[PDB]
Each structure stands twice: as C-alpha cells, then as structure tokens.
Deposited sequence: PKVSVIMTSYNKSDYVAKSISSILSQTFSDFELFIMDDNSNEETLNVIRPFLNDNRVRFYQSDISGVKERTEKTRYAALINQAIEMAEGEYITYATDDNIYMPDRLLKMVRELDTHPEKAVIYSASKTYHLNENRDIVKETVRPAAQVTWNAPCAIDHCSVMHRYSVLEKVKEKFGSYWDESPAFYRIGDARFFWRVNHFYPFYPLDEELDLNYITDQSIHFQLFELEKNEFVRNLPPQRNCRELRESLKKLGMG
C-alpha cells in the first residue's frame, strides 16, 4: 500500500466505530490500517470486531495489564513503534480511537506529498466540536510552515514520508519516544525529534475532527510543552 494508517485504541467503545469507519470509507483506498489495541475491555473489543473483516485492517492486541505495565512506558508511543516496524506504506499517518477523518483526508495529503517532493512532513487544520448540540467549535489552523510543531499540531493531523522515520531513528535510537516522562504529550515529543531535521508543511483544510462532550499517580513528573518549544527555539533551525 501507498499509505500506512496507525491507529491506537484503549477503552473508547462509544467512539471507536466512528473513528474506524471514517478511515475505511476514505476516497483514497490504497492503505493498510493498523488497529493497535492496548488490551481494552470486552465492550471495546466487541465494537472493533466486525471491522476486522475489512482486508486492509491489521489488528494487534497487546497483553498489557495493571498499573505497573500501563505506566512503564508511554503506551501509544510503544504501540506506534511496533506498527512502524511492520509498516509497508511509503507514507505514514496516525489516527486515534476518538478522532474522525474527513472523507478526503488521505486523498488530499497523499496528493500534497506526491506533488511536492521537497516536502517530507505535512499537517492539516483540525476541528473540535464541544457538545452540550454544539456549544463551541475550535479550529487549529495550518497556515504556515513550522520548525516548532510541539503542542501546536496534533498527532492526528499529520502525514509524513517513511524516510523521515529513518533520520529520526539514526539520531535518537527509536521513532516515537517511549519514556513515560512524556506520557501526556507523546505526539509533541515525536514532533520535537522530527523538527531537528524537517519543518512541517501546512495543508490549509480541516481534515480531522474531534467531538468532546491509580494510573495517574504512578507516572513520573510530566515534562511540558514549554520545555520542548524552548529547546527547539534554542536549536534555531528556522
């Protein structure tokens, strides 16, 4: 396949079917979808089950159980790293169990990378609807090329060439950072690694949507956004 979509899942039974359906109905259909379930409860696994009949889905379930194992590593970074090692696509993109892709997301992002060989990482705008009907609507624009993506751009709004993963692994030893000190902001920490070598190019369209309507005590102190952002400003790549 041209694209590898990597989705992480953990106990969001009321949302995961809408997320998976949004990917399977994409107008660009040449992808493989990894569904990396982190050993969710029965209700969630039963919602996911029928989607395993789609021949593009590659379903993996971890054996993770209990607070020690849940807090040893940033779990979605570990699962994304596992999927990357099995990925066959030229372009890599990410999805979560509570985010929805707009129907033309893959077509438009693939076209941006096919059309501009000089771009290696692209990001789109993102929208969040607050329900209570809609009480609030938030948009995260994609209006400029940026060398400082941490906490400005979400996990679910990006697509990049597989070759980006090579450069990152050469300097850092892994793709995503599995250290549990970056649990709250794992996507930002991966973007911080990518931003040592590549800027993020904007695609000014809202292509992903979010609907908002013992574990925490066993994590190490959480590093923050300001730390990553200041570190890149200091790095001075743009």
Exercise. Which bits of the deposited sequence have no atoms placed for their C-alpha?
Worked result: 133 to 135, 217 to 230
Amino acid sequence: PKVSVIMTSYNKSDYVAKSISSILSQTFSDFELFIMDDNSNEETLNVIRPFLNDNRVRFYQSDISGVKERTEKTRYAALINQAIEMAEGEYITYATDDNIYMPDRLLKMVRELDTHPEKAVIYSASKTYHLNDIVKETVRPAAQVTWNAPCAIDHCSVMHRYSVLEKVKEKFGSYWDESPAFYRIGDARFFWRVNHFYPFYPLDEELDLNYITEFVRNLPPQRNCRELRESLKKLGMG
From here on, numbers count along this sequence of modelled residues.
Seminar exercise, completed: Of 90 to 98 vs 114 to 122, the stretch with the larger average CA B-factor in the entry is 114 to 122
For this session: Tell me which of 167 to 175 and 190 to 198 has the higher mean C-alpha B-factor in the deposited entry.
Result: 167 to 175
For this session: In terms of CA temperature factor as recorded, identify the highest of 135, 77, 83, 106.
Result: 135
Exercise. Among the modelled residues of its chain, does the C-alpha B-factor of residue 157 lie in the lowest, middle or highest third?
Worked result: lowest
Seminar exercise, completed: Among the modelled residues of its chain, the C-alpha B-factor of residue 70 falls in the third labelled middle
For this session: Place residue 32 in the lowest, middle or highest third of its chain's C-alpha B-factors, as listed in the PDB entry.
Result: lowest
Exercise. Would the CA B-factor of residue 204 place it in the lowest, middle or highest third of its chain?
Worked result: highest
Seminar exercise, completed: Of the three thirds of Cα B-factor ranks in this chain, residue 58 occupies the lowest
